[PDB]
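Listed next as C-alpha cells is one chain, alone, in the form deposited in one PDB entry.
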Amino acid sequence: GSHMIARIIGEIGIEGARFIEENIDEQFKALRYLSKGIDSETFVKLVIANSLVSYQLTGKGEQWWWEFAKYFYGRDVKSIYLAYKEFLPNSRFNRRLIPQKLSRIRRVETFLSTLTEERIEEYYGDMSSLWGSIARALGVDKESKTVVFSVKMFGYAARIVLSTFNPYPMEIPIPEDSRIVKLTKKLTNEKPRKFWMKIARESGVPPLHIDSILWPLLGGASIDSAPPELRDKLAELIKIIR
C-alpha cells in the first residue's frame, strides 16, 4: 500500500537516496568521470543535451551514459549541436530517431548558451525554474519524461561541479514511461504520477530522489555497502518492489 512504501522510503530518507546516487548509480559514475575531462560549463550543457536525446535507446541507460562520458572526455566542444551531429550517428547505444533527436539539440542550443557558471548555480538553487525553462525552450510540456530527467541529470552534474547539495524539488514528479508504468502496476491500480507524488509527499523524499532508489534496487545492485541500519531499510524496500 502507499502508506507502507512511504514509511520505508521516509526511513531511507534523502540521506539513503543520496548514498545510492553517489556510490551506486552508474549514471553518476559516468558523469563524475566526464567532469574531470572537460570544463564545468560545457559539462553541464552536454549533460542536459544528452538527457534530451536519452529516449528510445538502443542500449541500457548505464551503457549509454558511459558511452557519452567516454566519448566527450578531453574533447574540444564548441557547438553542442555540431558535436552531437558527429557523435550520435556513430554511437552504439543511441541509434534510433536520430534526426528528430538532433533537431531537439538544435532547438535547445540557445538556451544551453545561457548556462554560465553563475547561471548554473542559480538553477541548482531553483531547479523548478530550470524545469520550466527547459520545457519553454523546447516548446513542450515540462511533465514530459526527458525534460524531467534533464533536470535530474543537471542535478547530478551541478552537485559534482559545485561541490554542494540541494535536494530535488518535491514538485518535480516521477514522469510516466513504460518502466514506471510496469512497476507501479505491480503495486497498485493508481496511476503512477499521482501514486509516487503521494508517496513522495508522505515520506518527505522528493520524487526524483525516489527514482534514484528504485532502479538499482530492482536491477539487483548490491546494498551490502550501506551501513547496517540503512541496509535494513533498503532490504525492506526490495521486499516491496521486486
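Throughout, rigid core stands for the largest set of C-alpha atoms superposing within 1.5 Å between the two forms. Note that residue numbering begins at 1 and tracks the sequence as displayed.
Comparing the deposited coordinates for 173-181 and 207-215, the stretch with the larger average C-alpha B-factor is 173-181. If you average the C-alpha B-factors over 75-83 and over 149-157, the higher value belongs to 75-83. Across the residues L130, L102, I120, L138, the deposited record lists the maximum Cα B factor for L138. Ranking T58, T42, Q27, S35 by Cα temperature factor from the entry places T58 first.
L237: CA B factor in the lowest third of modelled residues in this chain (values from the PDB entry).
Per the PDB record, residue ranking by Cα B-factor puts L230 in the middle third of the chain. Ranked within its chain, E21 lands in the lowest third, by CA B factor from the PDB record. Remark: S163 belongs to the lowest third of its chain, ranked by C-alpha B-factor as recorded. Split the chain's modelled residues into thirds by C-alpha temperature factor. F111 is in the middle one.
There is another form of this protein, the form deposited in another entry, and it is not shown here; the text below is about that form.
Of the residues checked (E26, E67, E41, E176), the rigid-core alignment between the shown form and the other one shows a Cα shift of at least 2 Å for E176 alone.
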